Structures are given as C-alpha cells and as structure tokens.
Amino acid sequence: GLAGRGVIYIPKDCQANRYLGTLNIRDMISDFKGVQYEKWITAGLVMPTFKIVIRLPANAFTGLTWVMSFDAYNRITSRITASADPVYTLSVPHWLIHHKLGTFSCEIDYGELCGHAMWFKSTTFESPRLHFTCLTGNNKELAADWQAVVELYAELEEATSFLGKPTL
Amino acid sequence: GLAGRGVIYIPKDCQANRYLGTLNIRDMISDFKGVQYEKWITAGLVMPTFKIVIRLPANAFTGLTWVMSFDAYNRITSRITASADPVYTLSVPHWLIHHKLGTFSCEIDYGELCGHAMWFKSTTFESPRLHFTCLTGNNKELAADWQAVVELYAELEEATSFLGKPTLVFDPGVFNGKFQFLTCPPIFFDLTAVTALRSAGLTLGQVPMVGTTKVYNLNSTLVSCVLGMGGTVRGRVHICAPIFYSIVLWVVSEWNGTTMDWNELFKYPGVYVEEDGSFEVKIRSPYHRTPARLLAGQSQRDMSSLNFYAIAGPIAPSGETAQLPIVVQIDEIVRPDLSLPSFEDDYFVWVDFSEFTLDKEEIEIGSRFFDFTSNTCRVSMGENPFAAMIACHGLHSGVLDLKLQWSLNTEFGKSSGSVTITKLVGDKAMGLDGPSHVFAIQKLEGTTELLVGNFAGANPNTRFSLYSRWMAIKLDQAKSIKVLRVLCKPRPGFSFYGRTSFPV
Amino acid sequence: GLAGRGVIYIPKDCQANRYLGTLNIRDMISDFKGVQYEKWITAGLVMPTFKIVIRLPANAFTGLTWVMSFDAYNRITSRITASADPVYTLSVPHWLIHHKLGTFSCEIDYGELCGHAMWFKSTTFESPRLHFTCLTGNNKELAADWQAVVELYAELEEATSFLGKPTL
Amino acid sequence: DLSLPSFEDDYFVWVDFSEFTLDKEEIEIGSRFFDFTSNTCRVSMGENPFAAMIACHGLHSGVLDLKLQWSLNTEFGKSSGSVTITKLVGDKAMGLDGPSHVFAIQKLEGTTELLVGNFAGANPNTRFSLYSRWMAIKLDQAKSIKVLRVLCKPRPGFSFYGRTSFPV
C-alpha cells in the first residue's frame, strides 16, 4: 500500500542540470504516518521492496528528461544542490524519466540497492535520499510552474537480518 | 538414604541480603556419622549424586525468597558472611527457594557441579560449602526466630576415577546461546508509584560488580566469546511477594533509552506478566544484535535492554510498605542471531615482561597457568576469555602451545646471551631433564609446549604442590631485552571442571 | 490488534459509588493512532467487534468490585460524574469487574450494543463512552493510589451499511 | 575479448609510512580499512581497485591478510626495538587481549590478519563506533625506519553492500 509521499516542484523553465529537490525516504513514510509507518514501528527493522511512482502529466512537446537518483548513503547531495551535473546524478543507481512517457514507475529492492535494514526511530548510518534533477531541458519554457508527485508503495514486514545480500 | 544434616537459623526480621549461614557438606556427613559416612571411609573416594532437601514451613504471607549457593571451591564465602550481595550468591551454581512453595529439593551431580571426588579423611583442594542467603526479604517481620533443616540424601559408592566429566571444553567458536544459572539480581517496584520502569541491561558479556570488586563468572565469560547477539530472550519471571501483593507488567525490549510516549510503547512487541511464569522477548536493535561488551564511556542503557514497565500496580492492603520484588532468570537466546566469535582459533597474550632491572632473571612457571609477580621486573598480564575460564572453574587441565617474542633494548650488534626454556620433570632440585631449549637472543623468538596439569590430572586455581612437568624461563642478559612477550594457544581438549566464580 | 488505550486512576480509599472516570472510545483509538486508526481513515465507516481488556492486578484481599458501563449514546454521563448511583451505572449495558479475578475481558459487538457505524472524522450522533465506577468499596483503604489500563482490540474493516441489526 | 585481469590474486599496497619525526609512533587501525593521516609522519596511501570498491559501496565486510615490510634508516648493527602489532577485542581502554605480536625490528617483516567489520556485520565508509576487534601498529624506534609498508590481500568472500559513488 501507499507508504509515503512527497512533492517535487518544476519551474516553468526547467533547464539542463537544474536541481529540483531531494526527498528523504524515511521522512516521506513518517510524515505520511501511514498504515505502513505504524506497521514499521512494531517491526522495528524493515528491508522493504519499494515501488516508486512519479506522477507526472505526459507531454510530447517539451523534450524534458529528468533523473531520479537513489542516494542511500548521502554521497552526492552536497555537490548537487546549486547545480546538478550529470556526472554526479548518474554515479549512483538512477532512472531516466522521459516526459513523453508520463507517469513513471520502478522497483527498488532496498536489500540490494542499499544493504542495511531501516530502523523505525532513527537513521542508522546515513539518511536515504531520492534526488530529482533535470538531465535534458525543455525546448522552450512552459506556460507556468507545476509539480510532480512522488509515491512510495510497499508492504513493510519485519526484517529478519540487519544486512542484505552483498551486491559485490 | 539420609547421609548428613544441618540447621540454618532464620531471624524474625529476615531482610533482603541477610547472610543466614554456611553448611560444610563434608562436615554434615561426618558429624552425622552416618551409615553413609561409614560406607565412605571404606570407599575412600566418592563422587555422589546428592539430593538436597530443605525443610521449611510453607507460607504465602511473607514474600521471603532465599538462595542456596553451591560453592564447591570456597570462592564467595569470604565476601558474603557479613551481608550477602546477590551478585556473589548468584555467581556460582544456585537455587531459588520460595517460601510459598515450602519444602525444597534439588539434585547435585557432584561429578558435574564439582568435578573431583571426595576423600574421606580430609579436604583435597578446598572444602565444599552450601551458603544460605536471603534474596528478597519479608514484607514485615515474623512473630519469632525460627529454623530450617538441610538434609543430604545419597547412596555413596566407591569412585572409579579422581576426575569427573568436564563441564566445559575450550573452543573459541562455540557459545551456543543456552545458559545455566543465569539469574539477575532482584528488581524492585515501589507501591507509592502509579507506574514505573526498571531496566535490565542485555550487554551480558559485561563483568558484574559489587563496589570496586569485579565478580568474574562463567556466563559473562561465555557471552564475551562472541562480538554480539540478537534473537529472542527466553526466561522466567518470579514475583517474590505475599499473596496480597500483586502487579501487572509490560515487558519489552528497547534500544538506547526509552520512549516517553505510552502509545508508542504499546506498539512494540512485548508481553504481559501478571504472575510467576516464563516469557519470550525479542531483542530490539537497529542492528538486530546488541554488542557483547561495552567500550569506554558507554553505558549498558545505550544498547538493547529488557524493560519492565509496571502498568497496573503494584497494589497491597494498607499498611504494607515493602517493595514488590521481581526476580528474572534468563534461560537462553532462542533463534539466535550471533556475531562473529570475538576470538579465532589462534594465540592470545598470556604475559609481557618488561623493564628488567637485573641481567639474571628467572621466571618459574612449573605446570601452572596463572598471574605472575616480580620484584625485579614489570609484569603485564593479559585479559581474555581463556584466562577468565581458568578463573571461573575449580579445576582445569590441558596443553598450551607457547610463542615467545622479544625485542632488543641494546644495539643488535652488541647483543649476547639467550632466552632459555628449562623443561624438567619434578622440580628444580631433583628433576629429570626434558626438552629444555636455548634460544640465542638474536633469534628474537621461540616456541615451546607447556603441560598445565599434573599426576593427579588437573590444576586448582591456587598454588599447589603436585609432581608434574616443570617449566622456567631463564634470562642471562635481561637488561638487553625491551620486552619479552608470551603468547599461548590451547590445544584441543583443554578442560575445565566445576563452574564457579572469582571475585577480585 | 491493539486499537486504542486509556487509563483509569484508582484512589487508595476507593469507596462504594466513586466515579473513577470516563474513556471516550473514539478518542482512545485516535490518540493511539494506531495501525487500526489509520485503517479506519481509509474505510471511513467501521462497525467493529471490540475486545475490551482491563489490566488490573488480581487481589483477593480488598473486596473491590467495579462496573464498566457502555454508554454509546451518552445518556448517563452527566448524572454520574460527582457520584455514581448503581441505578445509573447498571441501566446501560455493563460488566462487573471483580478484583479477585484480576485482568478482565469482554466482547462488544458494536453492531448490537450500539447500532450505528463509526465515522472516522467526527461523531455522528453522540460520542460513545466507557464509564468506570466502583460498585462495592474496599474493606479498608489500600497502601497507595494506583491505576488500571484499558485496552481496545479490534480488526477494523470497512462497514458495508450504516445501520446494525436491530436489538429489538 | 578481454585482456588479462589487471591484478592477480595477490597482495597490493594499502599504505606506506615514512619520514618519522618521533621515535614513539602509534598508528590506530581498529576494525577499519581507510585513509590514514599523521602529524608526526608521512602517509602515502595506495590507489587500487579494492580501495575504490571500498569507496563505492555503502557498507563492506571481510578479512584482510596483512604483510608488513620495512627497511632501516640507521646502521643495522645499531638497531633496536620493534614493530609491534597490538590486537584487542574492544578498545584500548577496556579491551581483551588477542594475538598481539612483537616483531623485533631486525626481522624486517611481519604478517597479521585484520578483521574489517564489527558485531553488527559491516562497516560504513565513514568513522563509526561499533564494538569489534581492534588493531594498532606501535613503533618504539620509528626514526630508525626508512619506510614501513603495509600490503593487504582480501580473503575470499570480502563483501560489498549497496553500490554508490564517492566524490573527492
């Protein structure tokens, strides 16, 4: 079920390399609060499989392409907040979001992409983030500012181990 | 049949921690004297299985709970004859005696709990004792002084061997997760409080203390063999108060502090406790495990704890004033999530010698593994689980492989002399010559084996004189050595007999 | 699962007819808030079957007997708050709680005992209450003030109809 | 069509210590694989794929076999002292004594194992404090050493969790 949510704001002129914002995965779940959030408090530890959904009006007339970057260990945040160079945004697990395709979806096995289970009361190592940046800009500015909605879907259950399976 | 007997005297006001007395097991049998005592004289050696019975008028109106402590090696006696702290009395094999249950009985397989056979004519190592202490006191004094009777039942037969079967065999990679004789000191709840919290730390490798005194014991020693643990704590709770006292507890695990929100508290996976019974609580932690021991400046509450929340009561009729005591026993970690063992099958530090004041130095080892002292140089002893295991058993026996390492204090080019390992059978005065070994100082290292044992089969954790192999380290140019380090690695089958404790 | 909770405060001298307090059933669920509370928001309407549990140290030496009164329509509250006559407290569905028996439990089929489904956002008719009163007092005062815990257990699911089945 | 692997299953350089200013030097390692710094000597860190892999994952865990090599700065005949490897469980203050090891300086080389991990199971690529085994290198005649080289060779099964990146 829907576990958490958040909002990204798009400027009417979204240019290449623009930083759009960062959502904090754990805050999305706790601010929502949340049938899943409440299951989480009881579990203590969770190793979710998330479905991330970005709701987004499909449009073939802009040329806009964005990048969602999964930064579980907070490694690029510092260097992208004025301007998001693609070298940073593509250096962690990431997904291309094409405006022509509209609403976007992907799966994040937190066990693989992250590796440690989430503790309900506080961040253990660093706080897992989703960054949204613009990879290719619009051909001309749009009519007005707008927003996209980011949603986390998950069925949280208690984690049996602290560590996931090793990526490498 | 009845083999021996004795009497414990209870004061009308039996307060928590009162020492009630010590019975000497061999004196109980010899003073009685005794169809069994007379069978014993003929056997010479006995390895009894005792049934101990404490006769005791059952009463549900006192709240009294006592502890019988089996101290076969006389390790806690000195520390409890004034007032008997629970950390001492629970650090050796022991049994809770609840007043509500009346007459009490248990079995002592002297082969396991003790390990050596009893000699009819005299004590061999130390004299085996039973200590009686009060764990939780009476709610109000009783009408008068009284007594309880202690009885030993056994069918003594001649012992075939000197040594029992070993309680424990050394292995770094083996701590199951099951415990015996792990009892927490009593936790108390005031009745002047509508709710309350009492924490019990789950950092079980920590060595317990009484003031400045460290009380080494087998359980904490075992836990220290691991880096940390997760899983479910299975145990029993005893409510040690009169029938007219009552309480309801929420028992749950929390990490680093406690929540202040009653609603969050009840979203955790805990259990309710209304009465004597067993419980299972999941160890709660961001890492699913809590560390076995603490670092410098860390507190036990910083980690995973077992929390006892009084959510209704305790209540009692007026005008009672006593607190309501809870005694917790931890039986095992079920469905365990263990860390790596803290030690591998490797060497570890036994002792460093340094700061030599004389060129001629001779360190006698003999057949013992023990703490050194010197007037002529600086001794630095190692602290590790193996040394603790030596301290927490009455007897031990095995073989240690030694590695000697040393660095020079003078210039290498000027160096002369040797680290010599004298190996004898007997003693320095009349011994036979074994695999003695001269390491020229320039080798800078050497190896040897050490037999920890003797003709009888095992060593007590004291000084003793029993014919065996004998070892010594002889320095002739000691001032040329900056440090002599001795590492050891127990050969498989290093054995320990009779679990006990060791206050320092 | 645990759906809501509350606390009743008991005086060292708990005399016959003392009002001990009132818990508001919907507030118990919303203040807890609550895996069940969150399920409720999505359902909109719920017709629960509650298990009520009163946690309570068993004691044979007091003579204390309490009454839990289910007042779904708030008809006796006004008249019992200074002192509770048993005629009021026993005039609505109710249960005797004997101190000798310790922790107490019962089932409330909200469909029968109440009749209308609960709306997540606000009280529809009147706000359903549990009253706790002392029916027979202690033989002598106890050592100190204490408390009992009241817990609501339920698996809330969406209600199909507004009305229950008629009691009569 | 691949070339040979660039590295074989062999040791590689972790760190060189040189230019010691004090005779007493103590390098704390603990349970981490990381970049050293010193005010009292020159640290030269190795750059290789293993170190990059450490940097490009959120967590890692494994065992490193170490080879220590050193050459003398003073005349061999005048040499004294040792490279000592302190091995503890815990920390310098309250730890237990493991397979600590005294290499007379004339040995000119020594070997040891290093656990990279802790009770929780894995290390982040930052400073952290989690109970584990603890290692240190202790020089007493450090000015007599021209270079102390530390090579490592990961034991099979050295594991990395959660791919990420590392800007410097």
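Data overview
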read-out: Highest to lowest packing among D:111-120, A:14-23, C:131-140, scored as the average C-beta count within 10 Å; value: D:111-120, C:131-140, A:14-23
read-out: Per-residue ³J(HN,Hα) for segment B:489-496, Karplus 6.51 cos²θ - 1.76 cosθ + 1.60, θ = phi - 60°, Hz, x for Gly and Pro; value: 8, x, 5, x, x, 5, 10, 10
read-out: Amide H contacts under 5 Å for D:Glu113, placed H, 5+ residues apart; value: D:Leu66
read-out: Residue mean of other protein chain beta carbons inside 10 Å, A:103-112; value: 1
read-out: Kirkwood hydrodynamic radius of segment A:81-168, from inverse mean 1/r over distinct Cα pairs, in Å; value: 16.3 Å
read-out: When the convex hull of its Cα atoms is projected in every direction, mean area for the protein assembly as shown (nm²); value: 54.0 nm²
read-out: Computed magnitude of the charge dipole of chain A (debye, nearest 20; Cβ of K, R +1, Cβ of D, E -1); value: 260 debye
read-out: Within-12-Å neighbourhood charge of B:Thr410 [Cβ basis; K, R +1; D, E -1]; value: +2
read-out: Chymotrypsin sites (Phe, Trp or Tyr not before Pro) within segment A:25-61, DSSP loop, no more than 11 other Cβ atoms inside 10 Å; value: A:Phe61
read-out: Of the GluC sites (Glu not before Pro) in segment B:247-307, those whose Cβ has at most 16 other Cβ within 10 Å and which sit in DSSP loop; value: B:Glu275
read-out: Under Karplus coefficients 6.51, -1.76 and 1.60, residue-wise ³J(HN,Hα) of segment B:199-207 in Hz, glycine/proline x; value: 8, 10, x, 10, 7, 5, x, 5, 7
read-out: Mean Cβ neighbour count within 10 Å, used as a protection proxy, ranking A:102-109, B:487-494 highest first; value: B:487-494, A:102-109
read-out: Average partner coverage of B:341-350, which counts Cβ from other chains inside 10 Å; value: 5
read-out: HN-Hα J in Hz across segment D:3-17 - Karplus 6.51, -1.76, 1.60, θ = phi - 60°, x for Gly and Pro; value: 7, 4, x, 5, 10, 9, 7, 9, 6, 9, 6, 8, 7, 10, 9
read-out: Peptide-level mean, for D:120-127, of C-beta atoms on other protein chains within 10 Å; value: 6
read-out: Of B:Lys403/D:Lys67; B:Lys489/D:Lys78; B:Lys443/B:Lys479, pairs whose Cα-Cα distance is over 27 Å; value: B:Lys489/D:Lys78
read-out: Label-point gap, in nm, between D:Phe12 and C:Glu126 - each point 7 angstrom along Cα→Cβ; value: 7.9 nm
read-out: Amide proton proximity set for C:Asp85, modelled H, under 5 Å, gap of 5+; value: none
read-out: Relative frequency of Cα-Cα separations exceeding 30 Å in chain B, percent; value: 56 percent
read-out: Percent RCO, i.e. relative contact order, over chain D, from Cα pairs under 8 Å lying at least 6 residues apart; value: 40 percent
read-out: Long-range amide H partners of D:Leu59 with built H, under 5 Å; value: D:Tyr161
read-out: 29 Å Cα-Cα threshold exceeded, pairs from B:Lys100/B:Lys282; B:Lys140/C:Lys140; B:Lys39/B:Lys178; value: B:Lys100/B:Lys282; B:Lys39/B:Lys178
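Neighbour counts are summed over all protein chains in view; Cβ atoms, including those assigned to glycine, are modelled from backbone coordinates with ideal geometry. None of the figures in this text is laboratory data; all of them are computed from the coordinates on show.
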